[PDB]
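Printed here is my_file.cif (mmCIF, C-alpha atoms):
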```
data_run
#
loop_
_atom_site.group_PDB
_atom_site.id
_atom_site.type_symbol
_atom_site.label_atom_id
_atom_site.label_comp_id
_atom_site.auth_asym_id
_atom_site.auth_seq_id
_atom_site.Cartn_x
_atom_site.Cartn_y
_atom_site.Cartn_z
ATOM 1 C CA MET A 1 -16.365 -26.005 -13.712
ATOM 2 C CA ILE A 2 -15.945 -23.505 -10.878
ATOM 3 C CA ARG A 3 -17.517 -20.094 -11.447
ATOM 4 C CA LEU A 4 -16.182 -17.147 -9.450
ATOM 5 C CA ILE A 5 -17.526 -13.622 -9.273
ATOM 6 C CA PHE A 6 -15.842 -10.612 -7.667
ATOM 7 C CA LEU A 7 -18.252 -8.008 -6.273
ATOM 8 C CA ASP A 8 -17.913 -4.616 -4.561
ATOM 9 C CA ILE A 9 -19.833 -4.052 -1.312
ATOM 10 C CA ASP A 10 -21.307 -0.638 -2.047
ATOM 11 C CA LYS A 11 -24.564 0.963 -3.245
ATOM 12 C CA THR A 12 -24.773 -1.384 -6.217
ATOM 13 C CA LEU A 13 -25.366 -4.231 -3.763
ATOM 14 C CA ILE A 14 -26.343 -2.662 -0.428
ATOM 15 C CA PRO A 15 -28.208 0.572 -1.183
ATOM 16 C CA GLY A 16 -29.190 2.122 2.142
ATOM 17 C CA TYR A 17 -26.273 0.379 3.914
ATOM 18 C CA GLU A 18 -28.262 -2.445 5.475
ATOM 19 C CA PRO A 19 -27.406 -6.012 4.372
ATOM 20 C CA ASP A 20 -30.904 -7.160 3.449
ATOM 21 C CA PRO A 21 -31.100 -5.571 -0.034
ATOM 22 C CA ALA A 22 -28.223 -7.809 -1.102
ATOM 23 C CA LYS A 23 -29.965 -11.062 -0.130
ATOM 24 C CA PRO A 24 -31.911 -11.593 -3.399
ATOM 25 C CA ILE A 25 -28.690 -11.198 -5.376
ATOM 26 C CA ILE A 26 -26.513 -13.351 -3.123
ATOM 27 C CA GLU A 27 -29.136 -16.107 -3.135
ATOM 28 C CA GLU A 28 -29.424 -16.139 -6.915
ATOM 29 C CA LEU A 29 -25.647 -16.195 -7.359
ATOM 30 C CA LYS A 30 -25.518 -19.118 -4.934
ATOM 31 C CA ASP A 31 -28.222 -20.900 -6.955
ATOM 32 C CA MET A 32 -26.256 -20.216 -10.135
ATOM 33 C CA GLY A 33 -23.322 -22.039 -8.553
ATOM 34 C CA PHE A 34 -21.015 -19.076 -7.954
ATOM 35 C CA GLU A 35 -18.299 -18.606 -5.360
ATOM 36 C CA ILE A 36 -18.928 -15.001 -4.278
ATOM 37 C CA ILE A 37 -15.771 -13.016 -3.590
ATOM 38 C CA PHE A 38 -16.076 -9.560 -2.118
ATOM 39 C CA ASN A 39 -13.177 -7.449 -3.402
ATOM 40 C CA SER A 40 -13.782 -4.110 -1.748
ATOM 41 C CA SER A 41 -12.146 -0.889 -0.604
ATOM 42 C CA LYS A 42 -13.867 -1.684 2.713
ATOM 43 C CA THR A 43 -12.015 -2.839 5.817
ATOM 44 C CA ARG A 44 -11.970 -6.419 7.042
ATOM 45 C CA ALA A 45 -14.206 -5.345 9.938
ATOM 46 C CA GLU A 46 -16.821 -3.962 7.525
ATOM 47 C CA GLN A 47 -16.683 -6.996 5.258
ATOM 48 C CA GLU A 48 -16.908 -9.509 8.087
ATOM 49 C CA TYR A 49 -20.144 -7.848 9.217
ATOM 50 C CA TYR A 50 -21.813 -8.053 5.798
ATOM 51 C CA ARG A 51 -20.498 -11.565 5.142
ATOM 52 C CA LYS A 52 -21.983 -12.844 8.399
ATOM 53 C CA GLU A 53 -25.345 -11.198 7.768
ATOM 54 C CA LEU A 54 -25.448 -12.530 4.202
ATOM 55 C CA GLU A 55 -24.049 -15.969 5.072
ATOM 56 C CA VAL A 56 -21.082 -15.663 2.719
ATOM 57 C CA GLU A 57 -18.084 -17.663 3.927
ATOM 58 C CA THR A 58 -15.797 -17.490 0.903
ATOM 59 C CA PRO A 59 -12.418 -15.743 0.799
ATOM 60 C CA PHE A 60 -12.540 -11.949 0.566
ATOM 61 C CA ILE A 61 -10.133 -9.125 -0.322
ATOM 62 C CA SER A 62 -9.932 -5.836 1.572
ATOM 63 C CA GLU A 63 -8.769 -2.239 1.218
ATOM 64 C CA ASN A 64 -8.106 -2.278 -2.536
ATOM 65 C CA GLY A 65 -6.215 -5.560 -2.696
ATOM 66 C CA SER A 66 -4.127 -4.897 0.412
ATOM 67 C CA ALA A 67 -5.005 -8.257 1.983
ATOM 68 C CA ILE A 68 -6.595 -11.560 1.016
ATOM 69 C CA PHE A 69 -8.492 -13.418 3.725
ATOM 70 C CA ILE A 70 -8.953 -17.163 3.351
ATOM 71 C CA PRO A 71 -11.078 -18.950 5.986
ATOM 72 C CA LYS A 72 -9.158 -21.690 7.795
ATOM 73 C CA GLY A 73 -9.283 -24.849 5.702
ATOM 74 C CA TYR A 74 -11.382 -23.313 2.932
ATOM 75 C CA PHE A 75 -9.258 -25.055 0.297
ATOM 76 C CA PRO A 76 -8.989 -28.883 0.406
ATOM 77 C CA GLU A 83 2.392 -28.851 2.022
ATOM 78 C CA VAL A 84 0.299 -27.254 4.767
ATOM 79 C CA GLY A 85 0.893 -23.496 4.871
ATOM 80 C CA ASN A 86 -1.743 -22.628 7.463
ATOM 81 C CA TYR A 87 -2.127 -19.240 5.785
ATOM 82 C CA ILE A 88 -5.300 -17.327 6.625
ATOM 83 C CA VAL A 89 -4.162 -13.818 5.716
ATOM 84 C CA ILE A 90 -2.068 -12.743 2.736
ATOM 85 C CA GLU A 91 -0.784 -9.197 3.256
ATOM 86 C CA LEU A 92 0.096 -7.401 0.021
ATOM 87 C CA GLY A 93 -0.174 -3.709 0.818
ATOM 88 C CA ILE A 94 1.334 -1.296 3.315
ATOM 89 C CA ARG A 95 0.360 -0.652 6.934
ATOM 90 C CA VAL A 96 -1.968 2.296 7.454
ATOM 91 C CA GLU A 97 0.434 3.837 9.989
ATOM 92 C CA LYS A 98 2.931 4.463 7.180
ATOM 93 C CA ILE A 99 0.206 6.049 5.046
ATOM 94 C CA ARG A 100 -0.838 8.283 7.924
ATOM 95 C CA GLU A 101 2.766 9.328 8.540
ATOM 96 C CA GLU A 102 2.868 10.598 4.955
ATOM 97 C CA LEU A 103 -0.581 12.209 5.061
ATOM 98 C CA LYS A 104 0.516 14.121 8.155
ATOM 99 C CA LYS A 105 3.119 15.896 6.022
ATOM 100 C CA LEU A 106 0.379 16.971 3.591
ATOM 101 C CA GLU A 107 -2.511 17.590 5.979
ATOM 102 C CA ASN A 108 -2.026 21.328 6.437
ATOM 103 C CA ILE A 109 -0.724 22.218 2.972
ATOM 104 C CA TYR A 110 -3.719 20.631 1.245
ATOM 105 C CA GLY A 111 -6.392 20.751 3.959
ATOM 106 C CA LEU A 112 -6.778 16.982 3.840
ATOM 107 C CA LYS A 113 -9.441 15.202 5.870
ATOM 108 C CA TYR A 114 -9.452 11.418 6.243
ATOM 109 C CA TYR A 115 -10.350 8.790 8.846
ATOM 110 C CA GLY A 116 -7.212 9.398 10.898
ATOM 111 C CA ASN A 117 -7.787 13.119 11.423
ATOM 112 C CA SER A 118 -11.585 13.340 11.484
ATOM 113 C CA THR A 119 -14.124 12.909 14.278
ATOM 114 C CA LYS A 120 -16.885 10.311 14.059
ATOM 115 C CA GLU A 121 -19.316 13.187 13.545
ATOM 116 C CA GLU A 122 -17.254 14.542 10.640
ATOM 117 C CA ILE A 123 -16.963 11.081 9.119
ATOM 118 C CA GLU A 124 -20.736 10.628 9.293
ATOM 119 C CA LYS A 125 -21.191 13.990 7.581
ATOM 120 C CA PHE A 126 -18.665 13.191 4.837
ATOM 121 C CA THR A 127 -19.987 9.709 4.037
ATOM 122 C CA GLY A 128 -23.632 9.679 5.093
ATOM 123 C CA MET A 129 -22.951 6.262 6.605
ATOM 124 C CA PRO A 130 -25.092 5.100 9.564
ATOM 125 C CA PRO A 131 -23.462 5.985 12.927
ATOM 126 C CA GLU A 132 -23.346 2.340 13.974
ATOM 127 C CA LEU A 133 -21.217 1.383 10.966
ATOM 128 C CA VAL A 134 -18.635 4.167 11.289
ATOM 129 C CA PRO A 135 -16.550 2.240 13.848
ATOM 130 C CA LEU A 136 -16.162 -0.604 11.329
ATOM 131 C CA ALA A 137 -14.982 1.746 8.576
ATOM 132 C CA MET A 138 -12.574 3.315 11.052
ATOM 133 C CA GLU A 139 -10.830 -0.002 11.698
ATOM 134 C CA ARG A 140 -8.444 0.556 8.818
ATOM 135 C CA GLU A 141 -5.377 -1.614 8.435
ATOM 136 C CA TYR A 142 -3.814 -0.735 5.082
ATOM 137 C CA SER A 143 -5.421 2.383 3.682
ATOM 138 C CA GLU A 144 -7.022 5.779 4.125
ATOM 139 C CA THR A 145 -9.929 7.480 2.387
ATOM 140 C CA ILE A 146 -9.627 11.166 1.500
ATOM 141 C CA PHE A 147 -12.920 12.947 2.235
ATOM 142 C CA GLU A 148 -11.918 16.465 1.266
ATOM 143 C CA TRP A 149 -9.093 18.848 0.422
ATOM 144 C CA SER A 150 -8.730 22.603 0.008
ATOM 145 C CA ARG A 151 -6.138 22.433 -2.772
ATOM 146 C CA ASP A 152 -5.132 20.068 -5.580
ATOM 147 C CA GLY A 153 -1.726 18.481 -6.106
ATOM 148 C CA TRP A 154 -1.545 16.097 -3.152
ATOM 149 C CA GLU A 155 -2.381 13.106 -5.354
ATOM 150 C CA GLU A 156 0.768 13.548 -7.432
ATOM 151 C CA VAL A 157 2.858 14.036 -4.290
ATOM 152 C CA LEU A 158 1.617 10.742 -2.862
ATOM 153 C CA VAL A 159 2.324 8.893 -6.101
ATOM 154 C CA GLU A 160 5.825 10.393 -6.094
ATOM 155 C CA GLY A 161 6.167 9.029 -2.577
ATOM 156 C CA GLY A 162 5.456 5.519 -3.808
ATOM 157 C CA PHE A 163 1.816 5.281 -2.754
ATOM 158 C CA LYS A 164 -1.236 4.548 -4.875
ATOM 159 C CA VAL A 165 -4.154 6.993 -5.006
ATOM 160 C CA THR A 166 -7.234 5.362 -6.513
ATOM 161 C CA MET A 167 -10.662 6.904 -7.120
ATOM 162 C CA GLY A 168 -13.606 4.857 -5.885
ATOM 163 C CA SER A 169 -17.335 5.359 -6.407
ATOM 164 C CA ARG A 170 -17.126 8.591 -4.413
ATOM 165 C CA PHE A 171 -13.755 9.099 -2.686
ATOM 166 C CA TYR A 172 -10.048 8.575 -3.295
ATOM 167 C CA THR A 173 -8.384 5.755 -1.373
ATOM 168 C CA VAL A 174 -4.689 5.881 -0.502
ATOM 169 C CA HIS A 175 -2.955 2.507 -0.293
ATOM 170 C CA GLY A 176 0.236 0.854 -1.458
ATOM 171 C CA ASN A 177 2.086 -1.888 -3.316
ATOM 172 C CA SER A 178 -1.096 -3.586 -4.533
ATOM 173 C CA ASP A 179 -4.565 -3.265 -6.056
ATOM 174 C CA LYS A 180 -7.780 -5.219 -6.516
ATOM 175 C CA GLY A 181 -6.378 -6.904 -9.616
ATOM 176 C CA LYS A 182 -3.101 -8.123 -8.156
ATOM 177 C CA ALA A 183 -5.050 -9.600 -5.248
ATOM 178 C CA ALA A 184 -7.746 -11.136 -7.460
ATOM 179 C CA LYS A 185 -5.093 -12.781 -9.639
ATOM 180 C CA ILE A 186 -3.513 -14.457 -6.623
ATOM 181 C CA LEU A 187 -6.828 -15.769 -5.300
ATOM 182 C CA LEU A 188 -7.698 -17.047 -8.771
ATOM 183 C CA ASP A 189 -4.470 -19.082 -8.706
ATOM 184 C CA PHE A 190 -5.651 -20.807 -5.519
ATOM 185 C CA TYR A 191 -8.872 -21.828 -7.257
ATOM 186 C CA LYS A 192 -7.126 -22.866 -10.480
ATOM 187 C CA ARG A 193 -5.343 -25.564 -8.497
ATOM 188 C CA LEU A 194 -8.746 -27.219 -8.031
ATOM 189 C CA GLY A 195 -9.529 -27.402 -11.730
ATOM 190 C CA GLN A 196 -10.932 -25.163 -14.433
ATOM 191 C CA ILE A 197 -12.449 -21.837 -13.409
ATOM 192 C CA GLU A 198 -14.541 -19.173 -15.110
ATOM 193 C CA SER A 199 -14.172 -15.728 -13.553
ATOM 194 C CA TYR A 200 -16.405 -12.666 -13.610
ATOM 195 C CA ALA A 201 -15.904 -9.224 -12.110
ATOM 196 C CA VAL A 202 -18.480 -6.531 -11.431
ATOM 197 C CA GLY A 203 -17.206 -3.044 -10.752
ATOM 198 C CA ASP A 204 -18.424 0.537 -10.695
ATOM 199 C CA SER A 205 -15.308 2.653 -10.180
ATOM 200 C CA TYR A 206 -11.671 3.086 -11.162
ATOM 201 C CA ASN A 207 -10.471 0.916 -8.278
ATOM 202 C CA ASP A 208 -12.055 -2.059 -10.062
ATOM 203 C CA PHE A 209 -10.206 -1.535 -13.352
ATOM 204 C CA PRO A 210 -7.165 -3.605 -12.313
ATOM 205 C CA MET A 211 -9.401 -6.704 -11.997
ATOM 206 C CA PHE A 212 -10.609 -6.487 -15.578
ATOM 207 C CA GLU A 213 -7.404 -7.819 -17.167
ATOM 208 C CA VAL A 214 -7.359 -10.733 -14.714
ATOM 209 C CA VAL A 215 -10.855 -12.200 -15.117
ATOM 210 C CA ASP A 216 -12.705 -13.791 -18.054
ATOM 211 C CA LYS A 217 -15.810 -11.598 -18.135
ATOM 212 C CA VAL A 218 -16.282 -8.023 -16.953
ATOM 213 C CA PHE A 219 -19.374 -5.990 -16.042
ATOM 214 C CA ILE A 220 -19.551 -2.339 -15.027
ATOM 215 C CA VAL A 221 -22.599 -1.063 -13.162
ATOM 216 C CA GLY A 222 -23.044 2.531 -14.229
ATOM 217 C CA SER A 223 -21.664 4.491 -17.172
ATOM 218 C CA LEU A 224 -17.918 4.174 -16.550
ATOM 219 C CA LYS A 225 -16.347 2.898 -19.767
ATOM 220 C CA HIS A 226 -13.709 0.200 -20.234
ATOM 221 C CA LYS A 227 -12.786 -1.840 -23.320
ATOM 222 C CA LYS A 228 -13.482 -5.216 -21.682
ATOM 223 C CA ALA A 229 -16.599 -4.288 -19.720
ATOM 224 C CA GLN A 230 -20.276 -4.694 -20.504
ATOM 225 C CA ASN A 231 -22.163 -1.722 -19.052
ATOM 226 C CA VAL A 232 -25.445 -2.341 -17.234
ATOM 227 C CA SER A 233 -27.621 -0.182 -14.990
ATOM 228 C CA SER A 234 -28.098 -2.635 -12.131
ATOM 229 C CA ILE A 235 -26.584 -5.688 -10.467
ATOM 230 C CA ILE A 236 -29.902 -7.290 -11.452
ATOM 231 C CA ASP A 237 -28.879 -6.866 -15.085
ATOM 232 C CA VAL A 238 -25.525 -8.565 -14.486
ATOM 233 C CA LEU A 239 -27.281 -11.737 -13.359
ATOM 234 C CA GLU A 240 -29.634 -11.320 -16.335
ATOM 235 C CA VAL A 241 -26.843 -11.009 -18.904
ATOM 236 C CA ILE A 242 -24.931 -13.924 -17.385
ATOM 237 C CA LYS A 243 -28.090 -16.020 -17.735
ATOM 238 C CA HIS A 244 -27.896 -15.600 -21.516
#
```

Take the structure in this file and express it as structure tokens.
Amino acid sequence: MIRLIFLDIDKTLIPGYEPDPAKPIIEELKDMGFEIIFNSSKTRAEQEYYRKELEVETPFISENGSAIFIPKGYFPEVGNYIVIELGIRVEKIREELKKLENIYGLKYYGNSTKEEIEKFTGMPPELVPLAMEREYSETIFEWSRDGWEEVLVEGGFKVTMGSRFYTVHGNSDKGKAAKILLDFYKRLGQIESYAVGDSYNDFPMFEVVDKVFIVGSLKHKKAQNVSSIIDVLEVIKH
């Protein structure tokens, strides 16, 4: 019986931005026999850093389900597939944001300085370069007028609210990506899947997994609300 758990890589796991706070949680999940899958709005560069520091070598999903990364030979016809691209290239997103930049006073990674990005996010200066290595999405830090969200959706893009900012991406979401990865595991036998989210970008995963937890007060019909990731492990222990 394989147990899988999808986790975000934000304040609910790494408050303060350093990896260390997540260690107690990762270690317990490992002891509980879980395959830990980060399914985050974060870039591959950001996730690879945390994974290495936390010694997590399982597949991961980046930029709101835009790509699934499977370590070479992780799963025992040879496809030789390491990266499954499901979203749209960031260059296309930026071409569209350029058309809206002035009308709506939009600020995102592509048109902001490292100093501005640090101000907007509060992220440590040394991590900004990792967040800037975007491949399939943009994060909107601010705007001077509303209405750009609808325009983007009309243009065929997805605009999803995260724990703090909107992320612009396309053709996929955390749920579509999670479902595909789950299929890879299901080929190995029976699986039990859990998902822990804290924002609207996690909602798509809920209909794809067996058990759902929400850290915070966001409400969803399939989710059990808890105040901390600590509580998730506690409730699962029941």

Exercise for review: For CA of residue 51 in chain A and CA of residue 34 in chain A, determine how far apart the two atoms are, in Å to one decimal place.
Suggested key: 15.1 Å

**Study point:** Residues within 12 Å of (-19.7, 2.3, 13.3), file coords, only C-alpha atoms, listed as a PyMOL selection string
**Key:** chain A and resi 17+43+45-46+49+120-121+123-124+127-139

Running the PyMOL selection byres ((chain A and resi 66) around 10) on this model by hand, what would come out? Give it as a short mmCIF file (atom, residue, chain, number, x, y, z; two decimals) with C-alpha atoms, in the frame of the given file.
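Ended up saving to expr10.cif:
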```
data_model
loop_
_atom_site.label_atom_id
_atom_site.label_comp_id
_atom_site.auth_asym_id
_atom_site.auth_seq_id
_atom_site.Cartn_x
_atom_site.Cartn_y
_atom_site.Cartn_z
CA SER A 40 -13.78 -4.11 -1.75
CA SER A 41 -12.15 -0.89 -0.60
CA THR A 43 -12.02 -2.84 5.82
CA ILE A 61 -10.13 -9.12 -0.32
CA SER A 62 -9.93 -5.84 1.57
CA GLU A 63 -8.77 -2.24 1.22
CA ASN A 64 -8.11 -2.28 -2.54
CA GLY A 65 -6.22 -5.56 -2.70
CA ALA A 67 -5.00 -8.26 1.98
CA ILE A 68 -6.60 -11.56 1.02
CA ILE A 90 -2.07 -12.74 2.74
CA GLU A 91 -0.78 -9.20 3.26
CA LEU A 92 0.10 -7.40 0.02
CA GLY A 93 -0.17 -3.71 0.82
CA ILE A 94 1.33 -1.30 3.32
CA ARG A 95 0.36 -0.65 6.93
CA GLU A 141 -5.38 -1.61 8.44
CA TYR A 142 -3.81 -0.74 5.08
CA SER A 143 -5.42 2.38 3.68
CA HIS A 175 -2.96 2.51 -0.29
CA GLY A 176 0.24 0.85 -1.46
CA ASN A 177 2.09 -1.89 -3.32
CA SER A 178 -1.10 -3.59 -4.53
CA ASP A 179 -4.57 -3.26 -6.06
CA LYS A 180 -7.78 -5.22 -6.52
CA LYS A 182 -3.10 -8.12 -8.16
CA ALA A 183 -5.05 -9.60 -5.25
#
```

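Taking CA of residue 209 in chain A as the reference point, CA of residue 224 in chain A is found at 10.1 Å.
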
Practice item. Given the file shown, enumerate the residues that the PyMOL selection byres ((chain A and resi 29-33) around 12) captures and present them as an MDAnalysis selection string. Key: chainID A and resid 1:7 22:28 34:37 54:58 197:198 200 235:236 238:240 242:243

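Proximity of A:166, A:196, A:86, A:173 to residue 103 in chain A, computed with only C-alpha atoms, is greatest for A:173.
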